[PDB]
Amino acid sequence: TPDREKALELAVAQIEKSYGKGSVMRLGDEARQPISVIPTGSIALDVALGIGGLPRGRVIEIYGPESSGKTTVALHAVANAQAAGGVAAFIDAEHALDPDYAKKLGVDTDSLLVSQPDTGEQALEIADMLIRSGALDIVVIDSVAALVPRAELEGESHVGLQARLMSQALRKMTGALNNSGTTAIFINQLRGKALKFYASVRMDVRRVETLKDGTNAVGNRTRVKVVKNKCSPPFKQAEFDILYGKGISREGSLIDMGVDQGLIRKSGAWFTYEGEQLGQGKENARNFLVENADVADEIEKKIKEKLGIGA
């Protein structure tokens, strides 16, 4: 028992040294907190990630069905990256992006770099060039499936080289990302093998149930599970709301997590905070916090402090 702890501590340290920090973790371990991360838009997800946002200088996968919210999540990283004076890029093999929607999440679309590559290799190459610049805070790739290799686009037997395309590229890219401190997000749709292992974070995104404003639908309750996490104990999940035309309810997530942490208290349907009241029913509380950014920030401030915060 007394020697065990010494021997196990040793083993973990050898492991932690011989391969990266986060090669082994107890699932109850406190997260090692970096200096800067990329907030996701949802405090719940930020907490589920352990480090209060997405890591910098790493590969990230966000995946799910069509109409999952995965892209929305990605665009908040993009918006937050910019919000902190960073420069963002978007490699587009889907041609689905809605910048009006993106603008209302908070993406500075005007200053967002975008590329619409011909081939899969070209896509990843451009990413790589853009990464090695070291001027880039984030780069999003939309999407994996659409990364069709040159040879296939020309007609040119060797089928399954789209994986070797990714493998080769990810090796080269993974090193480029670490030096620059740029994050790469690969959006990936369910309906590849390399990205699973190179990625430091993997997020499984799903649509749970539709939010209804009486007769009409105003959004969707979204669920995300961190299936892989090399920066903090994995398998955590968060729920939050994506509101049509607005995106992730930061206010709605602050309340959710506020009550969870006991910093917000219930008096029936009434949501209280520190003695003052926030509203009757979640919607009024949500609506109260958007009108009062100062109190919403105070709650965000307090949730972080009561755990590991970024500040």
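Position 1 is the first residue in the sequence shown; the rest follow in order. Under this definition, the rigid core comprises the largest set of C-alpha atoms superposing within 1.5 Å between the forms.
- Taking 135-143 and 158-166 in turn, the stretch whose Cα atoms are more displaced from the shown form in 8 other deposited structures of this protein following rigid core superposition is 158-166.
- Root mean square Cα distance to the shown form, taken over structures and residues in 8 other deposited structures of this protein after a core fit, is higher for 207-215 when 207-215 and 75-83 are compared.
- Modelling of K193 is complete across the other compared entries in which both of its neighbours are modelled; not even a third of them leave it out.
- Count the deposited residues lacking coordinates between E156 and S157 and you get 1 to 3 of them.
- Unmodelled residues of the deposited sequence between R191 and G192: 10 or more.
- Looking at 214-222 and 201-209 together, the entry lists the larger mean B-factor for 214-222, computed on C-alpha atoms.
- When 245-253 is weighed against 266-274, 266-274 comes out higher, by mean CA B-factor as recorded in the entry.
- Going by the entry's values, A285 shows the largest Cα B-factor out of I38, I62, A285, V47.
- The PDB entry gives the largest Cα B-factor of the residues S232, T71, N178, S111 to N178.
- In the deposited entry, the Cα temperature factor of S42 sits in the bottom third of values across the chain's modelled residues.
- The deposited CA B-factor of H95 belongs to the lowest third of values across its chain.
- In the deposited entry, the Cα temperature factor of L170 sits in the middle third of values across the chain's modelled residues.
- Among all modelled residues in its chain, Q82 ranks in the lowest third by Cα B-factor.
- Annotation for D142: C-alpha temperature factor in the lowest third relative to the rest of the modelled chain, per the entry.
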